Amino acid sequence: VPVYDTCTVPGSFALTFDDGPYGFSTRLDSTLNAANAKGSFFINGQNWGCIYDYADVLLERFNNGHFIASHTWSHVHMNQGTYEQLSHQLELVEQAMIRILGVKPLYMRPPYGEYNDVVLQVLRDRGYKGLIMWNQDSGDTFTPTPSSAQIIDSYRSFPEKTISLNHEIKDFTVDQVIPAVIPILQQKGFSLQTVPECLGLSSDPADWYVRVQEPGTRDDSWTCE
């Protein structure tokens, strides 16, 4: 399975968001959509909320050409797990996306950016097409944490083909950083693309997933208990 950390499409720029969805996701997607900007979202199953409580956000996200990929169910340190536990950690997210969206993800980003040969083998065995890292960090989860003004200023010097790490669980990333940096990046000539598109893989959203069955209706299996 290939590991990617940089776009290849001239002029592209990938805004990426980990650990979501969260209570600010509708705001964040509204801001992206109003600018025709596409985000890449590496979601959790049970971490900062249960993925099934976010089904409506996920469906809006899915149908608006945003890229949805796995960040594992529980946000585990994957270098610490057995093959089986990692298969389970991925599987649970696949299951939720199958129930809510009808599809399986084909990509993932490891929690903490930590991975090893076992992770890569599990991904290969489960049909994944890539492990997505990044090449610039917003710093929105550093501690102590930079100000929004500092983060925005960092973005003024991130170059073309950046894959930028952000976390949708941070209110200031959603409400201050991203509304400021979308115009900065678009006005200087960058095209705010999903990761697969900026890698020269497909720009068709249907190519980022495997269709499994029709989307389900909410029932009592839509739970993280």
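Position 1 is the first residue in the sequence shown; the rest follow in order.
- Per-stretch averaging of Cα B factors for 19-27 and 200-208 places 200-208 on top.
- Of the two segments examined, 144-152 and 81-89, it is 81-89 that shows the higher average Cα temperature factor in the deposited entry.
- Between the residues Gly139, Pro110, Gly127, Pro105, it is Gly127 that shows the highest Cα B-factor in the PDB record.
- Residues shown: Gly189, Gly65, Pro179, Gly45. Highest C-alpha temperature factor in the entry: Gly65.
- Annotation for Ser157: CA B-factor lies in the highest third of the chain's modelled residues.
- In this PDB entry, the Cα temperature factor of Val3 sits in the middle third of its chain's modelled residues.
- Per-chain ranking of the deposited C-alpha B factor places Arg99 in the middle third.
- When the modelled residues of the chain are ordered by C-alpha B-factor, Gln121 sits in the highest third.
- Annotation for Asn135: C-alpha temperature factor in the middle third relative to the rest of the modelled chain, per the entry.
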